[PDB]
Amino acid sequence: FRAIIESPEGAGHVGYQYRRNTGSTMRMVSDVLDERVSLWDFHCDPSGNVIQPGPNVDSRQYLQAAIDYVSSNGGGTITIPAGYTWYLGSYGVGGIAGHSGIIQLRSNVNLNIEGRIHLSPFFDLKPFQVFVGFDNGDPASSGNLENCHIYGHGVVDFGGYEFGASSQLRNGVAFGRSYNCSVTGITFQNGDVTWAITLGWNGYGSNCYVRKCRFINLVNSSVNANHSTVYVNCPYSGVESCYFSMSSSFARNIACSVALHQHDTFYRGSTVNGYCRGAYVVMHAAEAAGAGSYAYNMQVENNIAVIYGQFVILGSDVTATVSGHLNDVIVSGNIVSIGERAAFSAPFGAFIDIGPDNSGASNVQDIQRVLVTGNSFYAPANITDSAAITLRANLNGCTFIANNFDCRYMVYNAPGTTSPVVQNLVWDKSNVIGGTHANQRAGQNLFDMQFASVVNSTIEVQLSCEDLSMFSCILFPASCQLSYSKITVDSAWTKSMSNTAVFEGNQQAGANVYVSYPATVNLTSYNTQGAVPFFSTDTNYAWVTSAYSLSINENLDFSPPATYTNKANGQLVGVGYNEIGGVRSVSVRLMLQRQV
């Protein structure tokens, strides 16, 4: 009996009944201890003696044994104990080897990480993916991972090691073909990695989430090719209430916080500092196998960001046999700013970017039905390369309502570069244009419409302070066709502007172009006393349907017309009044109108 009690079966001979309740099960101590499980239950030598974790101990085989066994019982939760640092020091074997995997995750087996998990220097200058849910080196032949949750107050520490080569990949958690999986509460820190977490595989997966996690200093070298902290590659999945911070210069050029790459995905309530980019919202044709060729129901809401490049990047692209499409997107409630930096020292600053594909093509995209509403954007006055939207690829629709944009440009694309075909671009009058860049805009157009064509578009410009440095409020080059569109410039703060709207190809004359903007016009009257016509000197107003005075009349003896219409020769004409006769000659500020 003494022998049995001191044996490993001893707890199995000591009886227990809950709180001495005579209606409760007559159990043994071992039964109650078996209700939980920790790493300590597997972290032992071949004789069963516990092994203490530390920098000179590789915990990997023990944690895999724990996961393997619990999986064999239908699942449960393994605790990684608090107050210890558990090091990993070798690669895993089998199906995760193809993924440079360390630990293989299994279905229904959760990890409650309370302590620290820390990579040993075996991993310096090597690729690695710490937790992998694929069960095959080829993801197309992998089984699924289901019902796998990682959570707790603990930490995954990537050891600070730099990438050995740019072509290497590194990851924290790759759930794989993942269904009902999640990461909650965990701090990922101190590395040079490609991603911290990836959800799904090429549309396969569902109901995967990252919640209340922290991501700190996960890019550190010039070798790192590219970084996105969370890649969402399955539908009905998202990121909420997370914290992302980088301190490295390289992060300001390469790093993005989130990628939303399948339908019904979201990014909410998070804070970002030190990153190049906020979120990619993309349908890659090459990723369309699991959930279709459309990314729709995409939501970026209520985030706080300090970035160096672009906040939201929209895109879609094609392969030889698949075409990707992006539609039904909402971007709302975000507060974003470009951090302090020299002009042109990072990727062009933007709130929205319509980005060309990975080969630079601008003619592959199918992006439409996007709503950008209720956001703030700010860039410091020196940052020339800052825009509400950089529209660099073909666009089939994007709607802006009730935003506050305070940056160098409202709409921009570089001349000479891409020539996007633009449809259904809507810039409502409720967008407020800030004044930070007033006086900085010599030679520049606030809306610089450097496109192949614009159709079914609305641009309602409203200033809220003067900026007499800008060349124009909106400019269309002669190469940009314009049709079935509405372009207006409100008069407030424009009285002293040389140019307000500029149509280099006289595109405002098109049959279905609706415009209005201020202009200075010289007029001369006939000499008749009484009601008397006034006519413009210049003859470039054949497109004008009506015009009206924006100027006071300093004269007593006459008044020019309050309103005007045109004539076939392109003059403006209206009826004023000569109290006394005489030829009159005046220069008036007019609101020019066409079909509005």
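Don't overthink the numbering: it's just position in the shown sequence, from 1.
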Stretch with the higher entry mean CA B-factor, where the candidates are 183-191 and 494-502
183-191
Of 572-580 and 16-24, the one with larger mean CA B-factor
16-24
Based on what the PDB entry reports, which of 471, 267, 161, 351 has the top C-alpha B-factor?
161
Can you pull the Cα B-factors for 98, 309, 518, 274 from the entry and say which is highest?
98
Where does residue 33 sit by CA temperature factor within its chain: lowest, middle or highest third?
highest
Entry-reported Cα temperature factor of residue 260, expressed as the chain third it lands in:
lowest
Please rank the C-alpha B-factors of the chain's modelled residues and tell me whether residue 252 sits in the lowest, middle or highest third.
middle
Residue 116 CA temperature factor, ranked by third within the chain
highest
Once the chain's modelled residues are ordered by C-alpha B factor and cut into thirds, is residue 526 in the lowest, middle or highest one?
middle
